[PDB]
Amino acid sequence: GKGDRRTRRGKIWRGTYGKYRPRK
Amino acid sequence: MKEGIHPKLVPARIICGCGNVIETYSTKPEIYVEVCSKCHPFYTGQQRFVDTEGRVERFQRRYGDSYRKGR
Amino acid sequence: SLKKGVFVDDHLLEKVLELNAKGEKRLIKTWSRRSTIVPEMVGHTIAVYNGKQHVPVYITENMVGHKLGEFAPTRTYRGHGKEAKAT
Amino acid sequence: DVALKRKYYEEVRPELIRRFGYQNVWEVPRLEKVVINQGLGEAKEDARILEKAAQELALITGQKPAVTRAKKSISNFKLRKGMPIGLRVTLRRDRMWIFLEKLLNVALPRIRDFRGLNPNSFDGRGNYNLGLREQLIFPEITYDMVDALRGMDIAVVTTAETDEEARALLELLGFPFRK
Amino acid sequence: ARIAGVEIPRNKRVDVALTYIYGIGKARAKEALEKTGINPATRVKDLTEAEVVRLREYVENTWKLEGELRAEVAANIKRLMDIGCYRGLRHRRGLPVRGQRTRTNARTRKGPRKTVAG
RNA sequence: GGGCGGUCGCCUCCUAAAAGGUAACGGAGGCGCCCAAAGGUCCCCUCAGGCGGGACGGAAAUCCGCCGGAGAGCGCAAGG
RNA sequence: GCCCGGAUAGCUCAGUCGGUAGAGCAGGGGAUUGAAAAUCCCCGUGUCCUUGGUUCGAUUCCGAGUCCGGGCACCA
RNA sequence: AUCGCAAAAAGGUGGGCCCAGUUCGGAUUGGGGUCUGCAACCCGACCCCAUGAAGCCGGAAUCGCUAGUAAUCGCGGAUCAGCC
Ligand SMILES: [Mg+2]
Ligand SMILES: [Mg+2]
Ligand SMILES: [Mg+2]
Ligand SMILES: [Mg+2]
Ligand SMILES: [Mg+2]
Ligand SMILES: [Mg+2]
């Protein structure tokens with residue numbers, strides 16, 4: 001989901017990746 | 001006495017946390033931990049929560065001296 | 001989301017801390033809250049524009065890393081109602 | 001049988017000498033009875049009485065408490081005559097120390113409040129209701145019969161006159177201080 | 001298949017039934033199993049009956065007991081009003097306290113369509 | 001004075017004048033019942049309030065200690 | 001006192017010929033109609049008389065009557 | 001214009017989450033750690049964390065859509081530091 005705190009595309013819609021799901 | 005509804009309170013041993021627990025009276029042998037947890041004048045039994053566990057770079061003195069520059 | 005640089009405004013950084021030189025009356029007039037309240041002096045009363053007017057704040061030793069940004073009364077909300085809807 | 005009885009006999013009886021007491025044999029203060037009450041908690045837990053607090057209370061101290069009646073039908077709190085609502089028990093024996101040494105050592109930790117209870121809860125003639133809050137979480141009961149918060153109320157009655165003569169006993173027996 | 005916590009989600013995947021234990025979430029039920037070696041696609045019911053009971057002490061080591069931090073949800077609101085601040089009656093009047101709009105959207109802490117006269 | 005209105009029997013207090021009785025369209029009130037226990041015998045206990053407290057609790061729920069000799073209660077109005 | 005037909009939601013009512021159920025108001029805003037009336041829409045209120053029994057049941061059948069009526073007596 | 005933007009998205013030949021108010025789903029939340037930036041609170045993205053209330057397709061009939069048209073998915077700007 002887009003509006004979730006952490007999904008696949010929830011980092012895309014909100015701008016940056018996570019501290020458990022990094023860039024690579 | 002009144003033998004009847006009143007149970008016999010069958011013996012069961014508690015797991016001896018802070019010294020010997022008061023002995024086998026009830027059939028409930030389990031605690032979480034630490035029967036006394038301190039000697040009970042409450043000798044600061046802290047686990048360092050949201051308060052001053054992290055004391056570096058805050059609750060400290062930064063940005064120069066003791067601020068003589070005021071006036 | 002606070003960082004290693006605890007910023008106070010250069011207009012208001014050390015011009016609140018005139019108490020620590022000698023010791024004076026328990027009021028001094030700062031302006032901002034986006035700047036951090038000064039951690040050098042404790043226990044006294046700091047005058048501030050608290051959102052509505054220049055009314056002071058008084059700490060009671062409960063702040064370790066808590067933000068002063070929750071101190072802003074200017075929305076004197078009396079209660080609900082008084083709407084006159086459908087317009 | 002023996003449960004902290006050495007602290008009962010040589011931490012009380014010679015400790016009440018040289019600073020307290022008239023130092024004869026019986027006016028040294030001691031324990032007579034410790035009443036324990038439910039009092040329905042807040043209000044009536046059910047329209048008809050269920051008698052299960054006698055079962056879990058008979059689990060925690062192994063005896064049935066008497067379910068006693070109600071007073072005159074004032075009917076502001078739907079008060080009524082009959083259908084008993086008391087749940088009071090004194091039960092003074094060495095069976096007093098059987099449960100009182102359990103709750104003496106398990107109830108000051110394992111429930112969360114400010115550390116201890118009032119030294120201002122002493123009353124005239126030394127009878128001292130202590131007044132714990134709930135303790136249905138960790139009286140080693142493992143969540144048995146979780147109906148409500150459903151606390152209880154304890155009063156440990158001393159013998160002597162003054163609050164300094166019950167205060168002479170109770171925290172030398174192991175109670176906290178200054179809340 | 002008993003769990004480390006209290007509310008049992010009735011025999012699901014180890015990524016699912018172990019998760020909504022209090023004190024546990026996605027990034028604790030995801031890393032708490034790959035260290036112990038359990039494949040995250042397996043069931044809690046299809047776990048080893050010794051892994052049922054020995055994966056319980058690992059959860060109860062550091063964080064404060066279930067219901068106590070939920071009481072710190074109401075106690076942090078108490079300690080922020082150390083002098084009775086304005087954020088306290090930001091909280092106790094039934095509204096979000098971040099600073100959302102409250103005529104439209106952010107209808108959550110307000111009672112849903114509760115009170116108007118006109 | 002009659003009519004209109006009120007009342008027609010029983011119980012309680014006063015009027016009722018320290019034995020009993022005693023009137024008025026004199027004052028204040030109740031009743032046409034109810035309890036297989038609200039009965040008999042035997043065996044235990046003493047109430048209502050006030051003070052000091054409590055975990056909720058109205059200042060009244062339930063519990064402890066002291067004072068409290070009958071100011072409670074005795075199915076129902078009043079008297080004993 | 002024998003016999004006769006029934007007691008449904010502040011109000012009263014759609015009922016069964018044993019397997020069903022409620023619509024209307026002082027009520028708030030509501031596609032409406034170009035923002036006007038409310039035509040029309042969600043909606044606040046069933047011991048279906050008290051109780052026993054064929055019955056898969058009872059929101060409905062049958063028996064005593066406590067609830068109200070007409071006829072019929074009978075009242076020393 | 002290659003070099004690097006970016007990851008094109010269901011492409012997965014995948015293991016599973018088993019009718020569930022449920023890892024489908026979701027915000028408000030008070031503490032810590034990184035800021036591009038005088039400075040992010042009450043006006044940083046919201047970053048692993050806390051925690052996840054509402055929802056099983058809606059009424060009196062509306063309203064963007066005729067074959068590359070709906071529909072989730074995928075990319076950049078424009079004042080531009082986050083981005084509101
Ligand atoms: Mg859940
Ligand atoms: Mg006489
Ligand atoms: Mg006479
Ligand atoms: Mg009698
Ligand atoms: Mg729900
Ligand atoms: Mg963009």
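Each position is counted from 1, following the chain as shown.
The header says electron microscopy, 3.8 Å.
Cβ coordinates are placed from backbone N, Cα and C, and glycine is handled just like the others.
Per Swiss-Prot, the features are as follows:
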- B:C16, B:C18, B:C36, B:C39: Zn(2+) binding site (BINDING)
By a 10 Å Cβ neighbour count, the lowest-scoring of the binding-site residues B:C36, B:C39 is B:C39
For B:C16 (Zn(2+) binding site), the nonlocal same-chain Cβ neighbours (under 8 Å, six or more residues apart) come out as B:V35
Here the 10 Å Cβ neighbour count for B:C18 (Zn(2+) binding site) comes out at 15
Of B:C16, B:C36, B:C39, the binding-site residues whose C-beta sits under 8 angstroms from some chain D C-beta are B:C36
Per DSSP (helix/strand/coil reduction), B:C39 (Zn(2+) binding site) sits in coil
